[PDB]
Structure formats: C-alpha cells, structure tokens
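Next up, work37.cif (mmCIF, N, CA, C and O atoms):
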```cif
data_protein
loop_
_atom_site.group_PDB
_atom_site.id
_atom_site.type_symbol
_atom_site.label_atom_id
_atom_site.label_comp_id
_atom_site.auth_asym_id
_atom_site.auth_seq_id
_atom_site.Cartn_x
_atom_site.Cartn_y
_atom_site.Cartn_z
ATOM 1 N N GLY A 1 60.030 13.912 31.457
ATOM 2 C CA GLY A 1 60.016 12.491 31.645
ATOM 3 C C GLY A 1 61.153 12.006 32.504
ATOM 4 O O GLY A 1 61.203 10.836 32.878
ATOM 5 N N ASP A 2 62.057 12.893 32.832
ATOM 6 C CA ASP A 2 63.209 12.525 33.625
ATOM 7 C C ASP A 2 63.018 13.014 35.039
ATOM 8 O O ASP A 2 62.636 14.178 35.253
ATOM 9 N N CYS A 3 63.209 12.142 35.990
ATOM 10 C CA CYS A 3 63.049 12.502 37.361
ATOM 11 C C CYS A 3 64.336 12.916 37.973
ATOM 12 O O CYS A 3 65.397 12.347 37.693
ATOM 13 N N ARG A 4 64.247 13.906 38.789
ATOM 14 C CA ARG A 4 65.401 14.471 39.427
ATOM 15 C C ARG A 4 65.039 14.948 40.824
ATOM 16 O O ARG A 4 64.012 15.604 41.023
ATOM 17 N N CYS A 5 65.836 14.606 41.789
ATOM 18 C CA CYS A 5 65.607 15.115 43.113
ATOM 19 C C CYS A 5 66.580 16.200 43.412
ATOM 20 O O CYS A 5 67.779 16.096 43.096
ATOM 21 N N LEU A 6 66.088 17.227 43.987
ATOM 22 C CA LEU A 6 66.909 18.349 44.368
ATOM 23 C C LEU A 6 66.453 18.881 45.698
ATOM 24 O O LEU A 6 65.276 18.774 46.042
ATOM 25 N N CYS A 7 67.353 19.421 46.452
ATOM 26 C CA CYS A 7 66.995 19.984 47.715
ATOM 27 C C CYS A 7 67.411 21.437 47.745
ATOM 28 O O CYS A 7 68.451 21.821 47.189
ATOM 29 N N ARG A 8 66.594 22.228 48.362
ATOM 30 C CA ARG A 8 66.762 23.670 48.459
ATOM 31 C C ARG A 8 66.337 24.095 49.834
ATOM 32 O O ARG A 8 65.251 23.733 50.264
ATOM 33 N N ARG A 9 67.210 24.801 50.543
ATOM 34 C CA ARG A 9 66.924 25.319 51.896
ATOM 35 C C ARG A 9 66.608 24.148 52.866
ATOM 36 O O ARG A 9 65.812 24.262 53.807
ATOM 37 N N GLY A 10 67.228 23.009 52.594
ATOM 38 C CA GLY A 10 67.028 21.831 53.411
ATOM 39 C C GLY A 10 65.687 21.161 53.153
ATOM 40 O O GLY A 10 65.247 20.319 53.935
ATOM 41 N N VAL A 11 65.022 21.561 52.096
ATOM 42 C CA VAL A 11 63.755 20.977 51.699
ATOM 43 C C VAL A 11 64.001 20.183 50.434
ATOM 44 O O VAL A 11 64.553 20.720 49.471
ATOM 45 N N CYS A 12 63.640 18.933 50.421
ATOM 46 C CA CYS A 12 63.892 18.121 49.259
ATOM 47 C C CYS A 12 62.663 17.936 48.405
ATOM 48 O O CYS A 12 61.575 17.577 48.886
ATOM 49 N N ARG A 13 62.839 18.189 47.148
ATOM 50 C CA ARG A 13 61.815 18.077 46.167
ATOM 51 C C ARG A 13 62.241 17.081 45.104
ATOM 52 O O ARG A 13 63.273 17.258 44.443
ATOM 53 N N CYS A 14 61.511 16.031 44.974
ATOM 54 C CA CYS A 14 61.731 15.124 43.896
ATOM 55 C C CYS A 14 60.739 15.425 42.811
ATOM 56 O O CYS A 14 59.540 15.173 42.959
ATOM 57 N N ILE A 15 61.213 15.972 41.742
ATOM 58 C CA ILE A 15 60.344 16.413 40.680
ATOM 59 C C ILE A 15 60.728 15.709 39.389
ATOM 60 O O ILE A 15 61.848 15.223 39.249
ATOM 61 N N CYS A 16 59.814 15.599 38.487
ATOM 62 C CA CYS A 16 60.115 15.014 37.225
ATOM 63 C C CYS A 16 59.766 16.017 36.152
ATOM 64 O O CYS A 16 58.778 16.748 36.280
ATOM 65 N N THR A 17 60.593 16.129 35.152
ATOM 66 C CA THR A 17 60.342 17.037 34.078
ATOM 67 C C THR A 17 60.864 16.427 32.787
ATOM 68 O O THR A 17 61.938 15.825 32.767
ATOM 69 N N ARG A 18 60.048 16.515 31.746
ATOM 70 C CA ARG A 18 60.344 15.998 30.377
ATOM 71 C C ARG A 18 60.391 14.458 30.362
ATOM 72 O O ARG A 18 60.717 13.810 29.356
#
```
Write out the structure in this file as structure tokens.
Amino acid sequence: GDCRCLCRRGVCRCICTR
C-alpha cells in the first residue's frame, strides 16, 4: 500500500507495495 519510487541503471520505477 506504500508507494516508492526507485531507480536502477538509470531506469526509474515507481512501484507500490503493501
């Protein structure tokens, strides 16, 4: 239920979990 954005290898992923 908590959203978090993270970037890896210059690719940004905004994902939500729990």
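Here the PyMOL selection byres (((chain A and resi 4 and name CA) around 7) and name CA) matches the residues residues 2, 3, 5, 6, 14, 15 and 16 of chain A.
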Could you please write out, as a list in words, every residue of chain A that DSSP assigns to strand (DSSP E or B)? residues 2, 3, 4, 5, 6, 7, 8, 11, 12, 13, 14, 15, 16 and 17 of chain A
Please return the centre and edge lengths, in Å to one decimal, of a box with edges along x, y and z that contains all listed atoms of region 5-10 of chain A, widened by 5 Å on every side, as JSON.
```
{"center_x": 66.8, "center_y": 20.0, "center_z": 47.9, "size_x": 13.2, "size_y": 20.7, "size_z": 22.1}
```
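Here atom C of residue 1 (chain A) stands at a distance of 13.6 Å from atom C of residue 13 (chain A).
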